[PDB]
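Comments concern the structure below.
With ideal geometry, Cβ positions are generated from the backbone for all residues, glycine too; neighbour counts draw on all protein chains shown. A short reminder: the numbers here are calculations on the coordinates, not readings from a lab.
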Ligand SMILES: Cc1cc2nc3c(=O)[nH]c(=O)nc-3n(C[C@H](O)[C@H](O)[C@H](O)COP(=O)(O)OP(=O)(O)OC[C@H]3O[C@@H](n4cnc5c(N)ncnc54)[C@H](O)[C@@H]3O)c2cc1C
Ligand SMILES: Cc1cc2nc3c(=O)[nH]c(=O)nc-3n(C[C@H](O)[C@H](O)[C@H](O)COP(=O)(O)OP(=O)(O)OC[C@H]3O[C@@H](n4cnc5c(N)ncnc54)[C@H](O)[C@@H]3O)c2cc1C
Ligand SMILES: [Fe+3]
Ligand SMILES: [Fe+3]
């Protein structure tokens with residue numbers, strides 16, 4: 001009967017309990033991730049309301065799962081029987097853009113693009129652009145440490161989180177991190193909150209640092225995954241850093257070309273003036289010493305090839321359920337990793353489509369399961385399970401940006417090992433003594 | 001005995017007990033920071049030996065304080081009576097330079113420059129260049145989260161720690177962080193170890209990210225001023241008028257004519273600037289002639305000696321007596337107000353405080369030199385730097401920007417963090433160090 005206490009705690013129009021308005025709030029876009037009907041879905045208005053839902057929930061042992069827009073692919077925001085889904089959709093204001101400090105102060109509910117458009121008016125820029133930029137929230141991007149296409153040279157969300165206001169413990173509002181451009185005082189707790197996937201506390205206000213408002217595409221029509229890619233084991237080994245570098249295959253494109261060589265490799269270079277034309281002709285030398293049917297300098301605003309890469313996951317989702325994996329391996333092991341994905345596609349008769357942020361060795365293998373073809377659905381799980389077990393042996397990690405959540409919990413336990421898992425339970429026990437903040441995700445308590 | 005177990009595990013040429021050969025291992029350069037003779041100073045050879053020192057001391061409640069080169073300015077490496085000083089001076093090798101991944105894998109004892117010179121051979125660059133680059137270690141810079149001079153565009157040491165190998169708890173050797181260029185698996189535990197000042201475990205290996213060695217545009221900008229008050233509106237204007245510089249420092253003549261009594265190589269405020277792009281290179285002048293300036297030459301030649309003077313400013317003064325240094329960092333828009341307040345606090349406590357500052361990001365270094373014979377001047381200066389810390393907190397800054405909390409800034413940091421954050425600090429250290437052996441009583445005070 002936690003709902004009666006919540007409505008007496010934070011009004012009656014903040015707490016929603018209708019089970020029909022909850023099926024959309026109890027899961028993200030991760031399919032086969034066990035979710036259930038929660039007890040209540042709270043829509044807090046300010047930090048005080050979150051400080052009450054955490055306080056009510058800490059005295060009862062009721063689980064609290066934060067939720068932004070529910071666009072995760074690992075089930076990180078999925079609810080359980082009796083949980084409380086704190087929806088930050090009402091805290092969606094940008095509270096400041098310090099133009100001289102080059103920082104912005106945002107609430108966890110502001111959408112990624114809504115933030116980028118706002119800071120653009122003041123000549124500042126927020127680099128991290130995850131392929132879900134028009135939908136994901138800053139509160140979600142901070143807890144998952146989401147990365148984008150420009151992470152090659154600009155970094156992930158952690159590279160811009162300066163400080164934050166969180167609700168931790170039994171409901172204490174604390175200020176974490178610095179607000180300046182330098183500061184070592186204490187521990188790096190504001191950083192520990194990044195990538196924690198909401199299992200240590202709810203962020204109710206985030207800072208973030210900005211950069212001034214910083215164009216050459218590269219293109220390359222190639223064939224197999226064994227080759228083609230190998231220009232990524234060469235661009236990093238030979239030619240500088242491309243402002244972007246993706247790896248999408250024709251298999252995903254002719255599913256975007258229906259919804260309004262063989263495997264391409266786009267690259268970018270954003271340098272003003274003559275410094276900048278050479279990055280676009282420096283990023284070519286790697287592309288023709290490797291088969292190369294076409295490969296044209298290009299750079300003709302076309303750009304149409306990068307919207308296709310962004311709409312790679314917005315496609316193949318209305319064509320059936322989509323299972324996605326997200327491994328990140330060393331850049332020198334991308335050629336074999338593409339070999340293992342295509343070889344795992346025949347060991348389990350499943351034709352795995354490949355998209356990848358090739359600029360840092362982060363691959364997104366993806367297979368589309370026919371809502372009627374069963375065995376390809378069950379070989380793919382085993383096929384996507386050998387991919388993670390292979391990416392771990394080459395020296396990579398089970399996830400590169402999407403987070404652990406639920407679907408990558410086992411494989412992640414193998415990477416961290418028994419000793420690191422012991423520290424995870426110890427850390428969460430200190431900052432979440434009641435065990436209410438998204439329990440059983442990333443690691444399993446017990 | 002307690003030394004008997006150290007000698008029984010790996011104690012032949014690793015364990016030293018001579019009290020004369022331990023004072024150089026039991027304290028750093030922080031003046032008036034309580035240090036004392038430890039019980040033993042271990043100089044481990046590999047990660048396994050550290051796992052033995054932690055295992056012995058965890059079962060006995062004996063404190064362990066890590067040591068790199070002992071160049072801290074906050075007493076972060078100071079030992080206590082009966083502690084064990086783990087000296088990483090024997091782990092001073094770079095064990096890898098991944099050229100395709102653009103990473104380096106180094107041991108905690110490697111000197112900061114020793115790392116950059118090594119990676120320079122392969123056309124790669126390690127940006128963070130702290131003013132103690134010829135002496136401090138990478139293991140120390142990771143534990144302190146040290147920053148450099150051209151950091152105002154590339155970031156601090158934390159911005160380059162990818163993964164690490166640490167000895168945590170009762171002695172388990174663990175791998176923290178990734179080695180690739182992406183990875184969110186688990187918590188950012190390797191990051192929690194960065195900037196922890198060795199109070200959660202000893203780092204025995206850190207992986208670091210590198211950047212290509214671009215050259216060409218080393219446009220510098222000099223320009224002596226008249227006062228510290230009017231070298232405000234010109235540091236807050238280089239950012240508001242557009243685009244931050246590759247570097248921007250602010251040193252005064254008292255430190256310059258303290259370097260000139262050595263390598264005999266103008267005004268009262270130098271303020272150097274940099275630009276690595278090229279336009280703008282005449283635009284960072286406009287902040288200097290719109291405000292008062294005795295001089296200002298966009299000089300691209302060598303001009304470059306003045307930066308060795310800025311770097312060697314604390315390597316200077318080091319010969320003029322004991323030096324009390326502070327390290328506050330305030331918002332960039334509040335540097336002008338801070339420089340007025342410190343110089344005004346120099347007469348409210350008539351101690352003439354010399355000023356160096358990373359004015360490009362708001363990190364100020366007020367410093368006073370103690371005559372060492374005037375006793376009250378020890379207490380006149382102490383309170384003068386105390387109102388400076390209390391002013392940086394009320395203005396919206398932090399008690400430390402790069403030097404770390406350590407010992408000398410514990411009272412000020414406790415006021416900034418507050419009771420709730422301090423409670424989380426003890427809870428974390430209690431969880432990862434249940435025995436309380438990893439540098440106890442630093443950064444925060446255990447109840
Ligand atoms: C088409 C498409 C493309 C995508 N491309 C990318 C990509 O390139 N890179 C990438 O990283 N991701 C991508 N994503 C998914 C991405 O991981 C999520 O969108 C993002 O990580 C967070 O989104 P959210 O906030 O909407 O998620 P949610 O599922 O709502 O939750 C995010 C997590 O944070 C927690 N949480 C939310 N708010 C708070 C708070 N204040 N405090 C603490 N915890 C909180 C939740 O517990 C949850 O674990 C993509 C998704 C889609 C559909
Ligand atoms: C002239 C001068 C200029 C300086 N400039 C800067 C600057 O620009 N920026 C800046 O940040 N600092 C600067 N410093 C001080 C600087 O913090 C230290 O030089 C450096 O951060 C620590 O290096 P170290 O190994 O010498 O530290 P130590 O004196 O050994 O102590 C460092 C701290 O980290 C711990 N530690 C050491 N090794 C390890 C390990 N392997 N694992 C865990 N903990 C460990 C110690 O316990 C101690 O608490 C300067 C100092 C001087 C004298
Ligand atoms: Fe992605
Ligand atoms: Fe400094």
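Average 1/r across all pairs of distinct alpha carbons in region B:144-215, invert it, and you get the Kirkwood radius: 13.2 Å.
Spin-label model, residue B:347 to residue B:9: label points 7 Å out along the Cα-to-beta-carbon direction sit 5.9 nm apart.
Annotation: Cα Rg of region B:2-89 relative to the compact-globule expectation 2.2 N^0.38 Å equals 1.01. Semi-axis lengths, largest first, of the ellipsoid equivalent to region B:123-174 are 24, 12, 10 Å, with √(5λ) applied to each eigenvalue of the Cα gyration tensor.
Highest mean first, how do A:426-433, A:325-332 rank when packing is the count of other Cβ atoms within 10 Å averaged over residues?
The packing order, highest mean first, is A:325-332, A:426-433.
Provide a whole-number value for the mean count of partner chain Cβ atoms within 10 Å of the Cβ atoms in peptide A:187-199.
Numbers: counts 17, 10, 8, 2, 8, 7, 2, 4, 7, 4, 3, 0, 1.
Per residue, the number of nearby Cβ atoms from other chains is 6 on average.
Estimated purely from DSSP H runs of n ≥ 4, each contributing -39500 (n - 2.57), the mean residue ellipticity at 222 nm for chain A is -8500 deg cm²/dmol once divided by its residues.
Just so you know, the Rg over Rh for chain A is 0.97, from Cα atoms, with Rh as the Kirkwood radius.
For residue B:113 and residue A:117, what does the FRET efficiency come to when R0 = 51 Å and r is the distance between their Cβ atoms, rounded to the nearest 0.05? Taking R0 as 51 Å, the efficiency between residue B:113 and residue A:117 is 0.70. Mean projected area of the convex hull spanned by the Cα atoms of region B:219-395, taken over all viewing directions: 9.8 nm². At the listed q of 0.10, 0.14 Å⁻¹, the Debye profile of region A:76-233, built from one uniform point per Cα, gives log10 I(q)/I(0) equal to -0.42, -0.74.
Rg and Dmax, both from the Cα atoms of the protein assembly as shown and both in Å, are 27.6, 89.
Both radii are taken from the alpha-carbon atoms of region A:325-439; with Rh as the Kirkwood radius, Rg/Rh is 1.04. Per residue, the convex hull spanned by the alpha carbons of region B:43-167 comes to 108 Å³. Counting every other Cβ atom within 10 Å of each residue's Cβ, A:116, B:253, B:178 order from fewest to most as B:253, A:116, B:178.
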